[PDB]
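Reading through the structure tokens given below for one structure.
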Amino acid sequence: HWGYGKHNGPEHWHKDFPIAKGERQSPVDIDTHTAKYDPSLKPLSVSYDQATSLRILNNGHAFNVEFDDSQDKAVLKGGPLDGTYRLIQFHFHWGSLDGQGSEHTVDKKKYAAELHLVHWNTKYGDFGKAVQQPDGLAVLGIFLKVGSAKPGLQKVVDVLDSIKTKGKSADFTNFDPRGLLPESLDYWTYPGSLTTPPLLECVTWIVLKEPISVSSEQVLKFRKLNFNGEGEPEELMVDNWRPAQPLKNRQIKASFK
Ligand SMILES: COc1cccc(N2CCc3cc(S(N)(=O)=O)sc3S2(=O)=O)c1
Ligand SMILES: [Hg+2]
Ligand SMILES: [Zn+2]
């Protein structure tokens, strides 16, 4: 199956998922100088006050916190979006070293990790239908830089022991995702795809300008996860990120100057 190793990594994906060579693939490098400031861009509206977290799980690719998306409990509106998008889950991509880990880069600069809050367009009924549409998903990308500890991230860090290997999960209720947002909601936006197979081109990427900082020990705990299931040879979960793809016939718009 696909993964991030030499034999099943990104450079092999196209064989099983041809869309990997598509026209709007992610991530991409955000070139601040050629990004077009757009005044008609509305401010972002993240309403996560009623968010209901359910569980956290290691899926062999990354760890994911799933939310109850049965109702409009945590939605994203505004920005370049037309419609309400529901939060279904969030996950991270991180590196084996502090200078790599994020998927999107800024002027070729890589961050230690990158948080993706995944939302789907409610006008489509369910996530399954949303992934069949060019505007089916909206992923909020947030960069993580090493520095001071991020208090809202510690709850996730503590529970990682219980989900060390692929297939493990644990109840993770009452988690407030607002604890992971930076102060400013300024962003960049462009049409892209999922960064892992099936690599579907249904995503409106909203990448925040301002990164959040997390301590080295917090990201350290991320690296102690396992790609493998229990009983198999241990393989540390690190560098679960895909390299930048060519922008092609696309323009990155900024909501700020
Ligand atoms: C039909 O397509 C499906 C069905 C079920 C699951 C998925 N996903 C897994 C891959 C993947 C990669 C994401 S990233 N890094 O681009 O945010 S979000 C995401 S997903 O929605 O959780 C996709
Ligand atoms: Hg799509
Ligand atoms: Zn992701």
Side-chain angles (χ1 to χ4, degrees), residues 3-6 9-11 26-32 35 46 56-65 89-118 139-161 163-164 166 172 175-190 192 194-196 203 205-227 234-245 252:
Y4 298 86
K6 175 186 290 67
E11 58 279 291
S26 308
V28 292
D29 171 44
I30 299 173
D31 171 1
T32 63
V46 287
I56 178 171
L57 66 145
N58 178 332
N59 63 4
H61 299 302
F63 65 88
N64 306 235
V65 176
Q89 60 107 307
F90 72 76
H91 57 268
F92 297 81
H93 300 262
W94 57 90
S96 44
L97 301 168
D98 292 335
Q100 63 191 77
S102 60
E103 311 207 283
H104 282 95
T105 51
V106 177
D107 295 333
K108 309 296 290 296
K109 197 217 178 183
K110 297 182 174 65
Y111 278 91
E114 186 175 322
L115 165 62
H116 293 165
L117 294 126
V118 186
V139 179
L140 224 194
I142 298 173
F143 295 119
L144 271 70
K145 54 167 290 296
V146 183
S148 56
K150 186 71 175 184
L153 182 69
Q154 195 61 35
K155 190 202 177 189
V156 171
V157 170
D158 290 321
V159 79
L160 296 184
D161 275 320
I163 62 145
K164 181 160 180 286
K166 162 166 47 62
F172 198 69
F175 176 83
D176 195 347
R178 292 178 279 144
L180 309 175
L181 298 176
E183 297 186 12
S184 160
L185 292 185
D186 280 336
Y187 63 89
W188 286 290
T189 187
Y190 77 94
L194 295 174
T195 56
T196 74
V203 189
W205 276 97
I206 300 166
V207 182
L208 304 196
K209 172 196 63 185
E210 178 185 335
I212 56 172
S213 75
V214 303
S215 55
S216 49
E217 32 273 291
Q218 285 183 305
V219 67
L220 181 55
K221 312 305 178 68
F222 281 13
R223 299 179 187 144
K224 290 178 180 295
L225 259 3
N226 291 172
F227 277 130
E234 185 181 21
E235 196 71 85
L236 295 171
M237 181 175 282
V238 294
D239 290 324
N240 52 346
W241 52 269
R242 180 190 198 195
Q245 298 306 304
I252 294 182

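The residues of the chain are indexed from 1 along the displayed sequence. Note that these values count all heavy atoms, side chains included, but never hydrogens, waters or copies made by symmetry.
Between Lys109 and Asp31 no salt bridge is recorded (no basic side-chain N to carboxylate O distance below 4.0 Å).
Of the candidates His61, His93, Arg242, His91, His93 is the only one forming a side-chain contact (heavy atoms from CB on, under 4.5 Å) with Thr196. Under the side-chain contact (heavy atoms from CB on, under 4.5 Å) rule, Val139 has a single partner from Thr195, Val207, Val118, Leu115, which is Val118.
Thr105 is linked by a side-chain hydrogen bond (donor to acceptor under 3.5 Å, both in side chains) to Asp29, counting only residues two or more places apart in sequence or in another chain. Scanning for salt bridge (charged side-chain N to carboxylate O under 4.0 Å, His left out) contacts around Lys166 gives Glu232, with sequence neighbours left out. For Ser216, there are no side-chain hydrogen bond (donor to acceptor under 3.5 Å, both in side chains) partners two or more places apart in sequence or in a different chain.
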Subject >> Stepwise side chain to side chain contact (heavy atoms under 4.5 Å, CB included) check, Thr32 with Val106 >> reply: CA-CA 7 Å; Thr32 63; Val106 177; 3.6 Å; yes

**OP:** Evaluate side chain to side chain contact (heavy atoms under 4.5 Å, CB included) for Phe172 paired with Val156, printing each intermediate quantity in order.
**Re:** CA-CA 8 Å; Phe172 198 69; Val156 171; 3.5 Å; yes

**OP:** May I have the step-by-step check of side chain to side chain contact (heavy atoms under 4.5 Å, CB included) for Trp241 and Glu114, ending in yes or no?
**Re:** CA-CA 9 Å; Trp241 52 269; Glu114 186 175 322; over 6 Å; no

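Open room surrounds CD on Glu235; 12 or fewer heavy atoms of other groups in view lie less than 6.0 Å from it. By the 6.0 Å contact criterion, NZ on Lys110 is open, its count of non-hydrogen atoms from other residues, nucleotides or ligands being 12 or less.
Taking the six-membered ring wherever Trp is involved, the centroid distance between the rings of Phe63 and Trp94 falls below 6.0 Å. The aromatic ring centroids of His104 and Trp188 lie 6.0 Å or more from each other.
Going from atom CE of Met237 over to atom CG of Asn226 covers 7.5 Å, rounded to the nearest 0.5 Å.
Side-chain atoms of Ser26 never come within 3.5 Å of backbone atoms of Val28 as a donor-acceptor pair (strictly under, hydrogens ignored). Side-chain N or O atoms of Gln89 include none that pairs as donor or acceptor with a backbone N or O of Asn64 at under 3.5 Å. With hydrogens and angles ignored, the 3.5 Å screen pairs no side-chain donor or acceptor of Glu210 with any backbone N or O of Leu208. Checked by atom type and distance alone, the side chain of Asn59 pairs as donor or acceptor with a backbone atom of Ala62 at under 3.5 Å.
In this structure, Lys145 forms no cation-pi arrangement with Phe143, as its terminal cationic atom is not both closer than 6.0 Å to the ring centre and no more than 45° off the ring axis.
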